[PDB]
């Protein structure tokens, strides 16, 4: 779904990836990241957010919770890293990086609450009073006051599998009263997910009922004198959606895919953020008239559709399509329409979440200058490969 955008916005990345593969420097099932471009994208996001006075936390899950990229991006002026789960937080803390937000989308396990509080986490999102009590106890024991966000929801919200969580709007005042009575805590604000979603029919990113629930919650609380310093509204945060967030009084947002240009608003390759990643594989074998490339990077919600096949003998690039993929079996290989020579290179570009796949992540700098150089190699879980 991003091959069109890749061809338009970053053909140099295609050339660099293929060149490095031909040199034997990039193995199949690797996402190749244009470091020059991701940093440019990150800067544009910061400059845009600054005008609106919106603070940004960096989301890294989609590019494989990569600590090298996280460190370089943080240096652009981001307020900290938002860790989707405790394993992502683990990568960041091991790297010596600040974690600004933990608890969303995934809560902090009981035996890790004290570490999150003691090591320093700007805000912690809680989904239950029992978890809030755990955070309060840890804060008191550490002689600190921990800021928290509350995840809210209402019955008309978009509630996705794995994200069914939070305090119902009908009980929010009772919850807030409890939170304000816990000694270890400071109620900093609210969050929800997803707050914005791409609408294909309209052709725009639009607010979701979830965002309206967040606003309604803020407004209800304001009637009882509750002032909230943080309204955190993630999902599809990008340069062109930031003004929309600003209109709703959002104070904090969390770019993830925007950093690599891989947002649904960019399918025509016309957004300020340019495509900064592609997936490289190679032809393994043929079977009954079709070619199969090494798998490992397949993502069910990715809308992978188009593939480029590079044959180094003649340096030819041919477009073909992915055939239907069985989501029930492990993706050892992926089917491509048509026969291509064994050991030809393959390029795809689609929406992924690297952290739930087993792809390598290869960091390439200097593409803007025409001097591509590999500056890092990592796995999908954030480990260096050396």
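Positions refer to the first chain, counted from 1.
Visitor: On mean Cα temperature factor in this entry, is 277 to 285 or 72 to 80 the higher one?
Guide: Averaging CA B-factors over each stretch, the winner is 72 to 80.
Visitor: Test of understanding: from the entry's C-alpha B-factors, which stretch has the higher mean, 168 to 176 or 240 to 248?
Guide: In the deposited entry, the stretch with the higher C-alpha B-factor mean is 168 to 176.
Visitor: Taking the values straight from the PDB record, which of 113, 149, 106, 95 has the highest C-alpha temperature factor?
Guide: Checking the PDB record, the top C-alpha B-factor among 113, 149, 106, 95 is at 95.
Visitor: Between 101, 144, 87, 131, which one tops the list for Cα B-factor in this entry?
Guide: Largest recorded C-alpha B-factor: 144.
Visitor: What third of the chain does residue 23 rank in for C-alpha temperature factor, lowest, middle or highest?
Guide: Within its chain, residue 23 is a highest-third residue by C-alpha B-factor, going by the deposited values.
Visitor: So where's residue 290 on the chain's Cα temperature factor ranking, which third?
Guide: Answer is highest: the recorded C-alpha B-factor places it there.
Visitor: Taking the C-alpha B-factors as the PDB entry records them, is residue 35 in the lowest, middle or highest third of its chain?
Guide: Middle third by C-alpha B-factor.
Visitor: Test of reading the entry: by CA B factor among the chain's modelled residues, which third contains residue 311?
Guide: It belongs to the lowest third of the chain when residues are ordered by C-alpha B-factor.
Visitor: Sorting the chain's modelled residues by C-alpha B-factor, tell me whether residue 256 ends up in the lowest, middle or highest third.
Guide: CA B-factor rank for residue 256: lowest third.
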